[PDB]
Amino acid sequence: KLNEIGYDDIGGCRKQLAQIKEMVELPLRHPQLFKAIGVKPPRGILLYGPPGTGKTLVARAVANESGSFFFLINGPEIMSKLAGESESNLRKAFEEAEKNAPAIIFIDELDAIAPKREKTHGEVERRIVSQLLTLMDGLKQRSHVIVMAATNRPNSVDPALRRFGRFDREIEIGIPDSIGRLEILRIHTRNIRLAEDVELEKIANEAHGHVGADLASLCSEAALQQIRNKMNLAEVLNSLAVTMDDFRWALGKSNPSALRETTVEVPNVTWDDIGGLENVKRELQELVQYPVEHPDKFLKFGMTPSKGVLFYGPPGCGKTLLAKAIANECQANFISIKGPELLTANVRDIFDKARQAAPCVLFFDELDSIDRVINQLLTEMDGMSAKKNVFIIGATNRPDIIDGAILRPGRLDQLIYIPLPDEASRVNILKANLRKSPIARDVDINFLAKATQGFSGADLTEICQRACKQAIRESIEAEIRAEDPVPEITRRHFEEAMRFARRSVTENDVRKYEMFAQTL
Amino acid sequence: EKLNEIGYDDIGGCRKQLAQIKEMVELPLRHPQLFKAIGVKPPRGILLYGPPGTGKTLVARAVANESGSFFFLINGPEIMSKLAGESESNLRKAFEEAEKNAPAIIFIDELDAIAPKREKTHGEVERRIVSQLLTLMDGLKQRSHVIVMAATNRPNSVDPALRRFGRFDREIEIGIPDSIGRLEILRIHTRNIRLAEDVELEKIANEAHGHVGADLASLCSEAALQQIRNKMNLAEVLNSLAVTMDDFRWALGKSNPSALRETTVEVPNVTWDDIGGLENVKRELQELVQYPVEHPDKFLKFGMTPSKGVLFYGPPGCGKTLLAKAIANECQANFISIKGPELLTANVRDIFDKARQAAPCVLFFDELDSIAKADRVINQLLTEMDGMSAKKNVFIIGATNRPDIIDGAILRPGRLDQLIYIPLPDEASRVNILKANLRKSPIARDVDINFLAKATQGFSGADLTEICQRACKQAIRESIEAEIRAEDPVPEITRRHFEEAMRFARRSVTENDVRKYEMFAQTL
Ligand SMILES: */C(=C\C(=O)Nc1ccc2oc(-c3ccccn3)nc2c1)c1ccncc1
Ligand SMILES: */C(=C\C(=O)Nc1ccc2oc(-c3ccccn3)nc2c1)c1ccncc1
C-alpha cells in the first residue's frame, strides 16, 4: 500500500504540493535540461506546520510519483538506540540513499534528532547532531539525493542545520481551507458508505480549525453514532449509511486541536456585505489593488507604492470587515492579529509568515493597546521593503493616544476615517445579517434603515438578534400551547426589538472624531 | 581537481579584505628574506568572521592556491562528530601534517563549533578539546611557516582564551558586499548561464539589497527556473534558452535575502546636489569632517586635536540623515546609520568597534533623544565615546528633534562639542529636492519646478516627497483609467497632476516649531 500513495491521497495542501512537485520531480526526471541552463537543484527541504496534517506523506507521495528511491529515518526511533547505534544508522541511511539514486530521505521529527543546542545536555546528543551536519554537507553536487525533513516549528531545530547548503528551503504545510477540508473529507470517506442526504460541502465549510487527523476522527465518530442509533434497537450490516444528522452530531462533539492556530487564506467577504463609502473604497483600491494589478505603471512612473494604511473611527466590525473585503477583492491572503493576542519574538514570526504569502493583507486590530513590542513592530515595519506586496493595515478607536512614531512616513503614513454607515450601508448590512434567515415578505428593510440612524454595525446586528429571539420564543410558546405558526420573522418582532434603540455612539464621540479629522 | 584552481578571481564581494590578506600572507610566504631582514613578524592567527554565505570559506583556499602553499582543512562539525580520542588525534594530526609541509595554511572552518564559550561547554571532552587547540596554537614556533586561519559567524562566540596575543590576534571581517561586490558576484555565478542580450546586471546588483553571495546564487537559479518554466512548459528548445531581464526582475521580486537585518557599511551615493542645504552648515561640516582627514599635517603643525562629534537639531525630516550621508560621500568615508529604535532593542561597543575598524567613518546616531534623557545605554555610550581617541578619523554625528531634552552630559566637551542646527530647506534647496525626486521618472516639458518651489515654503523634505508621490499616483490613476476605456495616452506626468496634488497643499511643520528652534539657537 505504501508504494501506492500518490498526489491524490493527500489533501489540504495543493499549492505546496505544486511547489514541491516543480522543485523535486522535474529535476529528477530531466536532469540534463536543468543542468544545461545551470539550475542548481535544492538539497534540503524542511516542511513544518501543525501536527496532524499530511506533511508526513508528502515525502512518500513525491518519491512514488517521481519513481525514486525513498528512505525514512524516524527521529524517535534513532534516538531510542545505544550510543553507536544512532550514528551507525544515520550513516547507513545516507550511504544507502547514495547507493540508489536519485533518492529522497525523509527525516521525520527532526527536532527530536537535532533540537536546539541548549536543550541538548549530553555528549551523545551533540555527537549525533554533528554527525547529521557532516553527512548533510557531504552530499555531492551531483549525487541526486534530496533530504526532506518535517518538524512542528523550525525554531526548535538546531540553527546550524538551517544554513545554506544544509536546509535552505523551508515550506509550511498549514491548516487546510474549506476546499482542502472538502478534499480531505472526500479522501477519508472513500470506504465509508454514505447516505444520499450527505452534503460534504457544508461539513467542510462548518469544520473550522480542523486538520486532516481531526477530520478522520470526525468521520469515525459519525460512523459510530450511526452504529449507536441503529444497532441499539447481516440485514442491519447492509443497511448502514451515515446521515447528515450523524455528521452534524459528530461536529457538535468534536474538539479540533488546531483552534488557536492562525489562519491564512482568501476571505469570502465582498463589498456588498459592508456597503461602506465610495471614497474609502477608492482609496483602498488605489493603495492595494493597483500595485499588484499593474506594477508596470508604478515602475514606468517610477514611484514606489506605500505599504500600509491606518483606519480610525468609532468601534465596530466595519474596519475589520472592510479590510477583509479589500483583501477578497485582490484575492490576497488575510492575516488577522488582535492586540490581546500579541500581548500574550513572535512579531518577527508573524511578519515572516506574511512575507511568505506574496499578496497578503496583514491586519492589526486594537493597535492602541500596543514598549518592547512597540519597538519590535517599529523596527519590523521600518525594515520592510516597500517593493514586496505586503500591506499592513492598522485599526484603532482612540487615535489620540496612538504614539506618533507609528504615524511617521514609511511605516503607517495614511489615515482614513470610518464613519457610521449611511442609509445605503445600513440597508446592505441588514440584508447581509438576515441573509441566512427566513425573513417574511411584509418586512421592508428600507424603512428599518430610515428609522435607524447613527447605529453602528454592532447595533444593527443586535437588533437582528433581538428579533430572532422573539420569533424563537413565540415558536416555543406556540408549540407548547399546541401540545409552523411562526414560520418567519414578522413585523411585530422587529418593532419589539426596535423598542430598545440603544445607540452605542454618542454625538460627542462623533464630534471628537470630526475634530480629529479636521486637525489632520 | 577544481578545488586546487580556485583563485582571487573566483571570490567576489571582498576585495579590500582580499588585498589585506594578500599583503599579510602571500608576501611573507614568498619572500621571507626581506621580512626577516627588516624584522617583521608574520602573523600566526587570522580569524575571519561575518554573516554566513559571504564566501569567506574560499578565502583560505584562494590564498593557499595563489601562494602555492600547502592547505589543510579542519571542519568543526566533522571533528566534533568523532569519539573522545578521535577528535584529539585529528587536531594533532592536522597541525603535525601542516608543520611537516611548510609553508602551510590551516583553515579551521566553524571554529565556534570546536571552541565555544567556556560556559556553553558542559562536558569534559569539550573543554579537553578546547585546551588541546590552545596548546597546539601556542606551540607554533615563529620559525615554522604555519598560518592558522579560522572562520566564525561572530568572534564573541569563540572562547576568549583563543583571542589572545599569540593565538588569534588578527581579526578580519568579511561582511555584506556593496553594489560593486554584488555585480562581481553576479558575474562570477552567471559564467555558465547563457544570458539574453537585454540583461544588464548593473541594475540587478544595484537593486539587490541585503543579498550575500549565496542569495545571489539562489537568485540566478530562480531566474533560470522561471525562464525554463515559461518557455519549455509552453533539442531546439534546449538551444533557445536564455535568461531575460524579466526573469531576473521576477526572481528579485520573490527573493527573501537572509541578510536584511545586518548593518551596512559603505560610502553612500548621496551628493550635495540632492539636498541643497545652507552654505554655513556645508562649510562647517566640510571643515570638521574633511580638513582633519585631508590635511592632517596642518592640524599637527598647529597642534590642536580635531573635535570628533557634531550634533544636529531641528525640524524632523530627511535633511539631517541626507546631510550626513552627503558629507560622508564627499570624503569617501564609510557611513554607519544606527537608528534609535535599533539600539533600544555589548551592542554599543560592537557598533563602536565596527566603526573603528573602518578608519574614515561617519558613524550616525539618529533619534538620539530616545536613547538619552535609558541609564544603562546612555552611560555605556558616554563611556565608549570618552574612550574614543581623537587622533583617529572616526566622526560621531547625532540627530535629534527635541534639542531641549538631550542630557547636557552628551554635549560636554570631548563628546559632542558642536551643536549645529538644521533649519527648514529654502527655495533653492526645495528646487534641488524636487529635481532629485522626479529625476528617475519622466516629466512633461511644460512642468516647471521653479513655480512649484516658489509656492512651497516651509515644506519639509517629506512634504516635498509627498507632493511628488501624490502627483504620480494621480498620473497612474489617470493612465490606467484611459487604458480600460481604450480596451500611450499618458506618456508623462502632466502639470495638471502636479497642480491637483498642490490643491491639498499642506505644511507638516508649524511655524511655532521653527520659532521654537530659533529660540533654542538664540539661547545657545
Ligand atoms: C466585529 C467586531 C465587533 O463588533 N467589534 C467591537 C464591538 C464593540 C466594541 O466596543 C468597543 C469599545 C472599545 C473601547 C471602548 C468602548 N467600546 N470595541 C468594540 C469592538 C467583527 C470583526 C470581524 N469579523 C466580523 C465581525
Ligand atoms: C527621510 C526620512 C523622513 O522624512 N523621515 C521622517 C519624516 C517625518 C517625521 O516626523 C517625525 C516626527 C518626530 C517626532 C514627532 C513628530 N514627527 N519624524 C519623522 C521622520 C529619509 C531618510 C533616509 N534616507 C532618505 C530619506
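Regarding how it was determined, this PDB entry cites cryo-EM in its header, along with a resolution of 3.06 Å.

1. Things to note about the site of ligand 2
The local shell around ligand 2 consists of A:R408, A:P409, B:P316, B:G317, B:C318, B:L322 and B:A462. Residues near ligand 2 are shared among chains A and B, making this a multi-chain site. A distance of 3.5 Å separates a nitrogen atom of ligand 2 from a polar side-chain atom of A:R408. Against a free-state accessible area of 570 Å², the protein chains account for coverage of 57% of ligand 2.

2. Points about the pattern of salt bridges
On inspection of all chains with the given rule, the structure shows 47 salt bridges over all chains. B:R356 is the partner of B:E384 in a salt bridge, and the nearest nitrogen-oxygen pair spans 3.8 Å. The exposure class assigned to B:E384 is buried, which follows from its relative accessible area of 12%. Here B:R356 falls in the partly exposed class, since its relative accessible area comes to 26%. Salt bridges linked by common partners bring A:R348, A:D352, A:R355, A:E380 and B:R261 together as one network.

3. Focus: the UniProt feature "binding site: Mg(2+) 1" (unreviewed entry) in chain B
Residue and element names in this part refer to chain B. When the UniProt feature table is mapped onto this chain, "binding site: Mg(2+) 1" (unreviewed entry) is found at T57, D109 and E110. Separation in sequence by 54 residues is not matched in space for these annotated residues, since their most distant C-alpha atoms are only 9.4 Å apart. Turning to its location among the elements, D109 is positioned in strand β3 (residues 104-109). Beyond its immediate chain neighbours, meaning those up to four positions away, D109 contacts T57, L73, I74, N75, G76 and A151.

4. A look at the layout of surface pockets
All names here are of chain B. Each pocket or cavity is described by its volume, and for the second largest pocket that value is around 370 Å³. If you go around the second largest pocket, you meet 19 residues; those closest to its centre are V40, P42, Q142, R143 and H145. Tallied by class, the residues present in the lining of the second largest pocket amount to 10 nonpolar, 4 polar and 5 charged.

5. Section: the nonpolar core
All names here are of chain B. Membership of the largest hydrophobic core comes to 27 residues, with the highest contact counts inside it found for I108, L111 and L133. Mapped onto this core, the elements with two or more residues apiece are α4 (76-80), α5 (84-100), β3, α6 (111-114), α7 (125-138) and β4 (146-152). No other element matches the 6 residues that α7 contributes to this core. If we skip the residues at most four places from it in the chain, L111 touches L47, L133, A150, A151, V158, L162 and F168.

6. Some thoughts on a nonpolar patch on the surface
A contiguous nonpolar surface patch, about 290 Å² in accessible area, is contributed by A:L224, A:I227 and A:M231. Residue position: A:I227 is located in helix α10 (residues 212-232).

7. What about the pairing of strand β10 (residues 418-421) of chain B?
Residue and element names in this part refer to chain B. Burial along β10 is one-sided: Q418 and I420 are buried, while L419 and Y421, pointing the other way, are not. Of the pairings in the sheet, the one linking strand β6 (residues 309-313) to β10 comprises 4 bridges and is parallel in character. If you follow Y313 over to β10, its bridge partner there is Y421.

8. Description of the interface of chain B and chain A
Contact with chain B, which involves 56 residues of that partner, is made by 44 residues of chain A. Interface of chain B and chain A: buried area, both sides summed, is about 4500 Å²; carbon and sulfur atoms make up 58% of it. The largest share of the area that chain B buries against chain A comes from B:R261, B:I476 and B:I480, three residues that together contribute 11% of it. In this structure, the connection of chain B to chain A is made through 11 salt bridges. If you look at where chain B meets chain A, you find 15 residue pairs in polar contact.

Conventions and cut-offs
- Residues numbered from 1 in each chain as written, not as in the entry; some residues may be left out.
- Chains lettered and ligands numbered in written order.
- Part of a larger assembly, values for the part shown.
- Heavy atoms only, no water.
- Near = heavy atom within 4 Å.
- Polar contact = N/O pair within 3.5 Å; in protein donor to acceptor, adjacent residues only side chain to side chain.
- Areas by Shrake-Rupley, 256 points an atom, 1.4 Å probe, with all protein chains shown as cover.
- Salt bridge = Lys/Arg side-chain N within 4 Å of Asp/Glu carboxyl O.
- Buried < 20%, exposed > 50% of the residue type's maximum accessible area, 1.4 Å probe, protein only.
- UniProt positions renumbered as here; feature names shortened; annotations may be inferred.
- Helix = DSSP H or I, 4+ residues; strand = E, 2+ residues; numbered from the N terminus.
- Contact = heavy atoms within 4.5 Å.
- 1 Å grid on protein atoms, 1.4 Å probe; cavity = no way out; pocket = protein on both sides within 12 Å on 5 of 7 lines; lining within 4 Å.
- Points joined across faces, edges and corners; volume = space filled by probe spheres on them.
- Nonpolar A, V, L, I, M, F, W, Y, C, P; charged D, E, K, R; others polar.
- Core = buried A, V, L, I, M, F, W, Y, C linked by side-chain atoms within 4.5 Å.
- Patch = residues over 30% accessible without salt bridge, like charges linked within 9 Å, V, L, I, M, F, W, Y side chains within 5 Å.
- Pairing = 2+ DSSP bridges.
- Buried area = accessible area lost by both parts, 1.4 Å probe.

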